[PDB]
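To start, the structure itself, in structure tokens.
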Protein chains: 2
Amino acid sequence: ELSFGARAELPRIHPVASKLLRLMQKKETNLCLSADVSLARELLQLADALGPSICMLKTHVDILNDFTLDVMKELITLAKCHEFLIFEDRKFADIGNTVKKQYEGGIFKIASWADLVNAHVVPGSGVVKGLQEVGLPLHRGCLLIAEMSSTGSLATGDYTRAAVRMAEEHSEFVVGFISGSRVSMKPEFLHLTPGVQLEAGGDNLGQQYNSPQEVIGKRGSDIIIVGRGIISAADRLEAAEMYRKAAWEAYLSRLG
Amino acid sequence: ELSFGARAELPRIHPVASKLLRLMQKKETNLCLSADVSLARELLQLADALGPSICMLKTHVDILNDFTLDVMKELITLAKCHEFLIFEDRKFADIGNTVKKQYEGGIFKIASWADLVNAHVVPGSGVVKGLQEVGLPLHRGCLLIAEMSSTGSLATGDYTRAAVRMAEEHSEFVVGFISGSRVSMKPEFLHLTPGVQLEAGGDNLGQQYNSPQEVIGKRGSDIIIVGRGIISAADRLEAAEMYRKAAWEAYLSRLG
Ligand SMILES: O=C(O)c1cc(=O)[nH]c(=O)n1[C@@H]1O[C@H](COP(=O)(O)O)[C@@H](O)[C@H]1O
Ligand SMILES: O=c1ccn([C@@H]2O[C@H](COP(=O)(O)O)[C@@H](O)[C@H]2O)c(=O)[nH]1
């Protein structure tokens, strides 16, 4: 097992993965903030205050009541200042010809500001081929959704294996997974795990939580994605630091 | 087998399905236009000219370069005038808590103007529960993606069966399927089939085509969804009429 800093130098590493792994090592953070807010001002205030604590800020641009491309410009300023990647959790899941348009165009112009996006594998590899036509020239990366945190997820068994094969066959663009665990044995790939809180529980709409120690330490994932465990807390900075320290120590203790 | 007009009266029919089936029978159309354009003016000119020929206009609001809510008001005026449903092909595919916000909120406010949306079943039934918490109060309907037209689709076998079970257990909100074929034996459910052209072929990014006669007549689906077969033609009205007549006669001949 290699450190994040050594994985950043692997021969087959994608440049976006390398940039991420280097800043994870530098800042001692494997925390991705899930910035699940509806106001641009709250998004930017969280990005600025929590930027030093996070390796990545995950967006849902389509829930931002006051989205503009200028908001994204300000978020990029903070991402560059504090050193974190921007991941738009768009979950592209259409035919290749459609997702290329959804990624490059429309009002969001996601490819113009998102370092990372993700895709479901259920449509077959055309979803990746469509995205990569926009993303490769724009030097972007993609995560494939191999496992999901929600109750009744069908992303199990052969489905998960199909996601890993699709990633390993599109390594010029796919840099890792959304998963609950390590699903690829290739250290070039990132594993990002949502459904994370310190306390046991879930929500009323099928979300299930596991702890940072469980998903990083026992299940071998790289990065925790945390929304409400931070966002709903009174002090979001202290909450982010709790999650960062939990995920970082779980990583160190698996390393030895 | 019942006519569209008789299916509109079934005891368990959803009001959105009933409205659709009645206008399909009245206008002799089971064609859904896939309005895959980037200009509001082209979207509205197609909706106006092709409105009499279609039962439904399917949008990808996120590829419109000049989206505003006033464009959607103008589209609703045309939908009411010519009598067709608006279907936003958003393919919701996240946890329930997230999709409720993506459906109601953000810039697009999809639930405010879309009669129908669709969802992938891969996250489990929380995706439907989240949507239905916005959609039920707004008297909307949902389609579940049971099969996909693209090469390498994983929406087969047990996956398709899971989509049918999820639909039949959420019949207060789910009105049918995106599928390549009849997947439910319950006549209350609509089957809408994309990947349709008169000529054999595909695209460069995994799309596969079958004819209206194949998908309506042999595979037992209700509605054809047609994009490029119409949109890329010079005379889009004549193209829509050719697809309408093909799908309608295939339906009549299976009725006998
Ligand atoms: O839900 C959809 O309509 C959909 C499902 C599917 O299996 N395949 C599929 O192509 N679609 C959509 O249907 C349309 C097909 O367009 P054309 O290939 O140009 O006719 C596109 O807008 C797709 O996003
Ligand atoms: O399997 C997955 C993939 C994404 N997500 C997303 O991660 C976030 C989880 O937020 P939460 O910590 O508040 O439950 C939220 O934005 C979801 O849309 C999951 O929760 N599970």
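For ligands, and for the atoms within them, numbers begin at 1 and follow the listed sequence. In the text below, chain A, chain B and the rest are named by the order of the sequence lines, each starting its count at 1. We use all heavy atoms of the structure for the numbers below, so side chains are in, but hydrogens, waters and symmetry mates are not.
Atom 9 (C) of ligand 2 has as its closest protein heavy atom A:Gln207 NE2, 3.7 Å. Among all protein heavy atoms, the one lying closest to atom 6 (C) of ligand 1 is B:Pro194 CG, 3.3 Å. Scanning the protein for heavy atoms near atom 2 (C) of ligand 2, the closest one is A:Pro194 CG, 3.3 Å. Scanning the protein heavy atoms around atom 18 (O) of ligand 1, the nearest turns out to be B:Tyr209 OH, 2.6 Å. Scanning all protein heavy atoms for the shortest distance to atom 14 (C) of ligand 1 gives B:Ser34 OG, 3.4 Å. Among all protein heavy atoms, the one lying closest to atom 23 (C) of ligand 1 is A:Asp94 OD1, 3.5 Å. Of the protein's non-hydrogen atoms, A:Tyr209 OH, 2.7 Å is the one closest to atom 14 (O) of ligand 2. Protein heavy atom in closest approach to atom 3 (O) of ligand 1: B:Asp89 OD2, 2.9 Å.
Residue B:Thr98 approaches ligand 2 through these ligand atoms, each under 4.0 Å from one of its heavy atoms: 15 (C), 16 (O), 17 (C), 18 (O). Set against the non-hydrogen atoms of A:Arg228, the atoms of ligand 2 under 4.0 Å away are 11 (P), 12 (O), 13 (O), 14 (O). Ligand 1 places these atoms under 4.0 Å from at least one heavy atom of B:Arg228: 17 (P), 18 (O), 19 (O), 20 (O). Taking a cut-off of under 4.0 Å to the non-hydrogen atoms of B:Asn118, the atoms of ligand 1 that pass are 1 (O). When each atom of ligand 2 is checked for a heavy atom of A:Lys58 under 4.0 Å away, the hits are 6 (C), 7 (O), 8 (C), 15 (C), 16 (O). Residue contact check: A:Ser34 has heavy atoms under 4.0 Å from atoms 8 (C), 15 (C), 16 (O) of ligand 2. Near A:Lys91, with a cut-off below 4.0 Å to any heavy atom, the atoms of ligand 2 are 2 (C), 3 (C), 4 (C). Atoms of ligand 1 lying under 4.0 Å from at least one heavy atom of B:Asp36, given by number and element, are 14 (C), 16 (O), 21 (C), 22 (O). Taking every heavy atom of A:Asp89 and a limit of under 4.0 angstrom, the matching atoms of ligand 2 come to 4 (C), 6 (C), 18 (O). The atoms of ligand 2 that sit less than 4.0 Å from any heavy atom of A:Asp36 are 8 (C), 10 (O), 15 (C), 16 (O).
Panel note: side chain A:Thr160, backbone A:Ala155; a donor-acceptor pair is recorded below 3.5 Å. When atom types are taken as modelled, the side chain of A:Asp62 and the backbone of B:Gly106 share no donor-acceptor pair closer than 3.5 angstrom. Not a single donor-acceptor pair under 3.5 Å links the side chain of A:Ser184 to the backbone N or O of A:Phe189.
Atom 18 (O) of ligand 2 has its nearest heavy-atom neighbour, among A:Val196, B:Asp94, A:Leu33, in B:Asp94. Here the shortest heavy-atom distance to atom 8 (N) of ligand 1, taken over B:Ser149, B:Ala146, A:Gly126, B:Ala155, belongs to B:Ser149. The heavy atom nearest to atom 1 (O) of ligand 2, out of those in A:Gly202, A:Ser153, A:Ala146, A:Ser149, is found in A:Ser149.
Between the side chains of A:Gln197 and A:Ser211, not a single donor N or O lies within less than 3.5 Å of an accepting N or O. With hydrogens and angles left out, the side-chain atoms of B:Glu147 and B:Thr156 include no donor and acceptor closer than 3.5 Å. Remark: the B:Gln207 side chain and the B:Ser150 side chain contain no N/O donor-acceptor pair separated by less than 3.5 Å. Using modelled atom types and a 3.5 Å distance limit, the side chains of B:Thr59 and B:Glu88 yield a donor-acceptor pair. In the model, A:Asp89 has a side-chain atom that pairs as donor or acceptor with a side-chain atom of A:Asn118 under 3.5 Å.
With a 4.0 Å cut-off on non-hydrogen atoms, B:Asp203 does not touch ligand 1 at all. With a 4.0 Å cut-off on non-hydrogen atoms, B:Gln207 touches ligand 1 through its side chain and not its backbone. Under 4.0 angstrom from ligand 1, there are no non-hydrogen atoms of B:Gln197. For A:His60, every heavy-atom contact with ligand 2 shorter than 4.0 Å involves the side chain, none the backbone.
Ring orientation note: the planes of A:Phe108 and A:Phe67 are nearly perpendicular, at an angle over 60° on the 30°/60° scale. Taking the six-membered ring where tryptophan is involved, the planes of A:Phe177 and A:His191 are essentially parallel, since the angle between them stays under 30° and well short of 60°.
Taking any N or O of A:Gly227, backbone or side chain, at least one lies under 3.5 Å from an N or O belonging to ligand 2. Looking at B:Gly227 next to ligand 1, an N or O pair under 3.5 Å apart turns up. Every N/O-N/O distance between B:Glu147 and ligand 1 stays at or above 3.5 Å.
Under 4.0 Å is where a charged nitrogen must lie from a carboxylate oxygen, and between B:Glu241 and B:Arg236 no such pair does. Ionic pairing of A:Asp203 and A:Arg228 is present here: one or more N-O contacts between side-chain nitrogen and carboxylate oxygen are shorter than 4.0 angstrom. In this structure, A:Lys109 does not pair ionically with A:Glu104, as no charged nitrogen and carboxylate oxygen lie closer than 4.0 Å.
Side chains of A:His60 and B:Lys101 form no contact here, defined as non-hydrogen atoms less than 4.5 Å apart. The shortest side-chain heavy-atom distance between B:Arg140 and B:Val117 does not fall under the 4.5 Å cut-off.
Here the CG atom belonging to B:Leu116 is positioned 12.0 Å from the CG atom belonging to B:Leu57, to the nearest 0.5 angstrom.
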